[PDB]
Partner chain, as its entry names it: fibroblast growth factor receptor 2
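In structure tokens, one chain follows: the form deposited without its partner chain.
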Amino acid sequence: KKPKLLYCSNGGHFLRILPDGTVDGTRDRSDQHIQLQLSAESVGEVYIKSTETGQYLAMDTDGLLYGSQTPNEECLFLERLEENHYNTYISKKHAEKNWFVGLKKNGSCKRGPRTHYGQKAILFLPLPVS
């Protein structure tokens, strides 16, 4: 465990959970809302928590990412380590569909159904921060 940044290979954005529950990315490394905490619920699954607001990254039923005040089943992701030290993160509540956490090249969140293995959108490199 520990405070990580999750760097998105697609446009070079840190995954950001804004206080209003909005999920996007920024290039600004000083941003308060890119500090995350990963917690292994079981072996395969992780929660990804903002260490600024205590919000947990979540995916709703339409594949939209949001920050959730309190850890429901929408907040659990499977962390699979990949080819290049980059991880991907699959929704649990929708694993069967292969909904990934992803960001677009402009830093916008990419809704789960538009993700697909092999895309740069879905690849996040965990970086110990400070």
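Whichever C-alpha set is largest while still superposing within 1.5 Å between the two forms counts as the rigid core. Residues that one form lacks are left out of the comparison. Residue numbers count along the first chain shown, from 1.
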property: Stretch with the greater mean C-alpha B-factor as recorded in the entry, comparing 105-113 against 8-16; result: 105-113
property: Average Cα temperature factor in the PDB entry - higher stretch of 38-46, 63-71; result: 38-46
property: Residue of maximum C-alpha B factor among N84, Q55, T26, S30, per deposited coordinates; result: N84
property: Cα B factor band for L123 (lowest, middle or highest third within the chain); result: lowest
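What comes next is about the form solved in complex with its partner chain, which is not displayed.
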{"property": "Exercise: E83 in contact with its partner chain in the deposited bound form, heavy atom 4.5 Å", "result": "yes"}
{"property": "Exercise: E74 in contact with its partner chain in the deposited bound form, heavy atom 4.5 Å", "result": "no"}
{"property": "Any non-hydrogen atom of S68 within 4.5 angstroms of its partner chain in the deposited bound form", "result": "no"}
{"property": "Contact flag, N87 vs its partner chain in the deposited bound form, heavy atom cut 4.5 Å", "result": "yes"}
{"property": "Heavy atom within 4.5 Å of its partner chain in the deposited bound form - qualifying residues of 11-30", "result": "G11, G12, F14, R27, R29"}
{"property": "Sole member of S42, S30, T61, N84 with a C-alpha shift of at least 2 Å between the shown form and the other one (core-superposed)", "result": "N84"}
{"property": "Structural rearrangement between the shown form and the other one, runs of 3 or more with C-alpha shift of 2 angstroms or more, core superposed", "result": "83-85"}
